[PDB]
Structure formats: structure tokens, C-alpha cells
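Here is the structure we will look at, set down as C-alpha cells.
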2 protein chains.
Amino acid sequence: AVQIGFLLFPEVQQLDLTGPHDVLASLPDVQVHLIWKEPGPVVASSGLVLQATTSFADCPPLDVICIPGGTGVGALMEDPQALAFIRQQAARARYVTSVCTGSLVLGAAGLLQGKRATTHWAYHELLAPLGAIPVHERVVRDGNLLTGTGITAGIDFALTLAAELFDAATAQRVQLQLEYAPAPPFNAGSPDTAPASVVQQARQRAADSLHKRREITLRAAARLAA
Amino acid sequence: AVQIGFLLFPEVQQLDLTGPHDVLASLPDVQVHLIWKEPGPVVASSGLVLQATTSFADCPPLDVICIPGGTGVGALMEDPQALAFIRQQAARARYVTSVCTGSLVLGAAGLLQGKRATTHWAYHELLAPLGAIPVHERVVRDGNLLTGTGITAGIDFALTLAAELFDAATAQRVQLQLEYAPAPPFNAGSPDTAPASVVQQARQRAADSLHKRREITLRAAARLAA
């Protein structure tokens, strides 16, 4: 059975996780894990309560690891237990993936040094201090690393993983079974397509978070420099 | 505060719910409820464990009700307690919505009689016996009823609801904050675009479920005829 694991942490953006989870859980001969320090309840940033299924110590060797984003990324960037677990699993995983600000956690773990990567548009400036080559594209691959942008990036790249782990016909069948054919009613999903007034509102609302994450990123970079 | 409720039932397709939940929970002055017979754990079809927040009896009057789909729809189509709750809330709700096979539950409740509606492509034949005018479109509106197809229909129609409850600029800001700009790597999300061989595989895998749901639908239609 292909072993797929998601890191589930307090103040996760749950859709970053729950999207790819439902797609990948649709595949034959896949076991999906929700990993935290111990099994039990974990609260997402919206208040949705999820349930971790395994501890770090009990998690099997993973074929795919996926790091979601969210508010809670700041704490995770300075959690030595979580970062050590991610490094251990990344060493042997066939695919190391992240959604949105989850790539900042891969960065703090040292896994973006010299690698092309993306992250959420409002936090993109934090990639270079973590050793990455920043790329402004929705899905960036560098060897076995996939980083994606957008709360639903993992749905799209889960179909790519399905095609490579199995075959294109399997990926197409899952897409059809889920009738997955998005059609957003607005075109404001990028700072390059949204109205300038909307980009200003969004930047202003992110400013306090970006300020705090600049501080965290510099401490995380100092640990990589040691 | 705008009151938004999702029905959370055993063997729900969790992404049908968790997608629109994370979008709508991003809006100011919104309270989101996960409704079942009692608060507590509810297991999705994938094994993901979610947590209902309120009972039928304790749920406030809702401005928006949303019925997700999933395996578990068959039981819900003959659950008199659930159907009565949906009818009570639909009477005063500003919006009555469903994702995928959730429209079959609205059908069993009598809320599609004489109404244009859609559902999942493999089950579309079950709309007419429930009194609907079947429509092969991804989002179908008829007055205050919205029915959508695709596991992520609720993400897209949540942006429409945001624009009507608030304004277009608010919907655009949420889209940008979430960097929501999907780009599926395959074009097999409709039986009209998927390869014929893939459509056959998907139809064959749905055949046992469709057979059982034909039987349930006829009993649900008999109750509406009384």
C-alpha cells in the first residue's frame, strides 16, 4: 500500500489538507495518515475540529509527505520535533509536497536550500532567506519536491501524483468520479488579476502576520546557518 | 451575524462540506454550524473524523443551509428527522444549497418539486422521479435554490453567496486571500470531456450504488405522492 501522510497542526488552514486527502483517499491501495505529536483532536484556524491518526514515533515510512499551510505555520517553523520528523521522512519519500505557506515549513527544515519553490503571494519574500530560488508559478517542481499555491493546489497536484504513482487513466477516472471541473465566478485569485483596490485590502490585512513571520524566518535561517 | 449551516452525516463526502466551510468561515460576521442529531464525532466516507457542533433542536434559524453529498445520502433520503429539519430551515432560509448528490436529499424532502436542479452525473436520472426539472449544468439556480455539481462546487458558489450577502469586492478579497485559481492537470471532469474508456470504468464502478438508489428514490417519491 502507498503510504501518504499529512502534517496536521493547530491553526492549520484545513482545506489545504482536506482537499488532497479526499482525492488521494479515493485511490486503490493507498493508506492516508494525519500526523501530529499524538493522535487526537487538532483545531483548524476556522474552528473546525480534525483528528490526528498517528504520532511522529508511530508513523510508517511515507511514500508521500504533504505539509499544509495556515496561521499555525509560524509556530511550526520553530518546532524542533516537527522539523526533525519532516527531515527524517523527506530523506526516503518519493514525493515531498506542500500547499500555500506549508513551503515555509519545508524552508525552516532546510529542505528548500538551492531548490526552486513557491508559496502564498503575500509571504513570497520569505523564500530567499530560507535558501530557496523563488518562483512565481502556481506549481513548482524540483526533483522530488512539489510546492503549490492556492488553498486547492493539493487537489490539482494530487491528480498529478495519481498519474505518476498509478497511470493517467487512473487519475482521469478519479477526476470524473468526483466531477472535478472548477469554474470560479471571479478572476481575483492572483495579485496580477485582482483589482488594485482588492490587492491593497488583502496586503493591509496580511501586514501584521508578515511582520511576525519576518522575525520567525530570520531565527529559522540562523539555525540553518549553524 | 449571518447563520450558515452544513448538514454533517455519516459517510458524507467531506470535501463537499469542507471546501465551502473554509471559504464562508473567512467572511466577517458569519457563524458556521455543523449540524447532526447531536454534537459529536461523525465519520466521512474516507474515514476522516469530523465533529458536529449542534443538534437539530438547538440549531438557530439559518440564512444559508447547505447539504453535501456522499455515500451516506441513501440513508438520509429516508431519515424522517433529517428531512423534517431541512424542510423547517428551507422555509425561511435566504439560500438553500447542495453539492453533488446532496440535491437527492433536497429531492427526498420535497424541495425540488417543479424546480430546475442538477446532481452528480452518474445519478442524474434520479432527479425527475423526485419532481425536478433536470438540468445538465454545473450550477443551477431556481429562486433561492442553488444546486451544484463537482466535489468543489461549494467553493465556487460560496464566492457567489459572498458577493450577494456582502458585495463583489468582499468576494474578490476572499478569493485573493486564498489565492484560489484552479488549473486541473487533466480535462476528465465531465462525461462529455473524459475518454469513453474512462466513462465506462466510472459507470461500472457506480452501477451497484445507482441500483440501490433507484430503489430508495422510488420509496422517497411514494412518500411525496402521499
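Chain A is the first sequence line, chain B the second, and so forth, proteins listed ahead of strands; every chain is numbered from 1. Heavy-atom basis, side chains included; hydrogens, waters and symmetry copies ignored.
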[X] (side chain) donor-acceptor with [Y] (main chain) under 3.5 angstrom:
X        : Y        : result
A:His33  : A:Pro60  : no
B:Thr54  : B:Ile35  : no
B:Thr152 : B:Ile155 : no
A:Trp121 : B:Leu176 : yes
B:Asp63  : B:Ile4   : no
B:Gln89  : B:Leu62  : yes
A:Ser55  : A:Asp58  : yes
B:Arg87  : B:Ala109 : yes

From [atom1] ([X]) to [atom2] ([Y]), nearest 0.5 Å:
X        : Y        : atom1 : atom2 : result
B:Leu146 : B:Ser98  : CG    : OG    : 8.5 Å
A:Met77  : A:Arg219 : CE    : CZ    : 10.0 Å
A:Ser190 : B:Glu179 : OG    : CD    : 6.5 Å
B:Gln175 : B:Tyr180 : CD    : OH    : 7.5 Å
B:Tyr95  : B:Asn144 : OH    : CG    : 9.0 Å
B:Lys212 : B:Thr71  : NZ    : OG1   : 14.0 Å

Which pair of heavy atoms, one from [X] and one from [Y], lies closest together, and at what distance?
X        : Y        : answer
A:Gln14  : A:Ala44  : CB-CB, 3.7 Å
B:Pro182 : A:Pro184 : CD-CG, 3.8 Å
B:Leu83  : B:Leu76  : CD2-O, 3.6 Å
A:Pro28  : A:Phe166 : O-CZ, 3.3 Å
A:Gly114 : A:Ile133 : O-CD1, 4.0 Å
A:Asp142 : A:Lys115 : OD2-CA, 3.4 Å

Begin with the C-alpha distance, continue with both residues' side-chain angles, and end with the deciding distance and a verdict on side chain to side chain contact (heavy atoms under 4.5 Å, CB included) for B:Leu111 and B:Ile86.
-> CA-CA 9 Å; B:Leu111 293 171; B:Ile86 295 166; 3.7 Å; yes
Take the angle between the ring planes of B:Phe56 and B:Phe85 and call it parallel below 30°, perpendicular above 60°, tilted in between.
-> parallel
Working for side chain to side chain contact (heavy atoms under 4.5 Å, CB included), residues A:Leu34 and A:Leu50 | CA-CA 9 Å; A:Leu34 299 170; A:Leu50 296 171; 5.7 Å; no
Could you tell me whether [X] and [Y] make a salt bridge, using a distance below 4.0 angstrom between a side-chain N and a carboxylate O?
X        : Y        : value
A:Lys37  : A:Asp79  : yes
A:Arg138 : A:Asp156 : yes
B:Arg141 : B:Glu164 : yes
A:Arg213 : A:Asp208 : no

List the steps and the verdict of side chain to side chain donor-acceptor pair (under 3.5 Å) for A:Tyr123 and A:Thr217.
-> CA-CA 11 Å; A:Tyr123 301 91; A:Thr217 296; over 6 Å; no
Who are the side-chain hydrogen bond (donor to acceptor under 3.5 Å, both in side chains) partners of A:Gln13, not counting sequence neighbours?
-> B:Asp22
Of all residues at least two apart in sequence or in a different chain, which pass the side-chain hydrogen bond (donor to acceptor under 3.5 Å, both in side chains) check with A:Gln31?
->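 For A:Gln31, the residues satisfying side-chain hydrogen bond (donor to acceptor under 3.5 Å, both in side chains) (neighbours in sequence not counted) are A:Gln3.
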Of B:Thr149, B:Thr119, B:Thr118, B:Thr97, which is the lone residue that meets side chain to side chain donor-acceptor pair (under 3.5 Å) with B:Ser103?
->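 Only match with B:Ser103 under side chain to side chain donor-acceptor pair (under 3.5 Å): B:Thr119.
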Taking the side chain as every heavy atom from C-beta outward, state whether B:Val99 and B:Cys66 have any pair of such atoms under 4.5 Å apart.
->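 Yes, their side chains come closer than 4.5 Å.
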For B:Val2 and B:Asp29, run side chain to side chain contact (heavy atoms under 4.5 Å, CB included): C-alpha distance rounded to whole Å, both residues' side-chain angles, the deciding distance at 0.1 Å, then the answer.
-> CA-CA 6 Å; B:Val2 176; B:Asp29 308 321; 6.0 Å; no
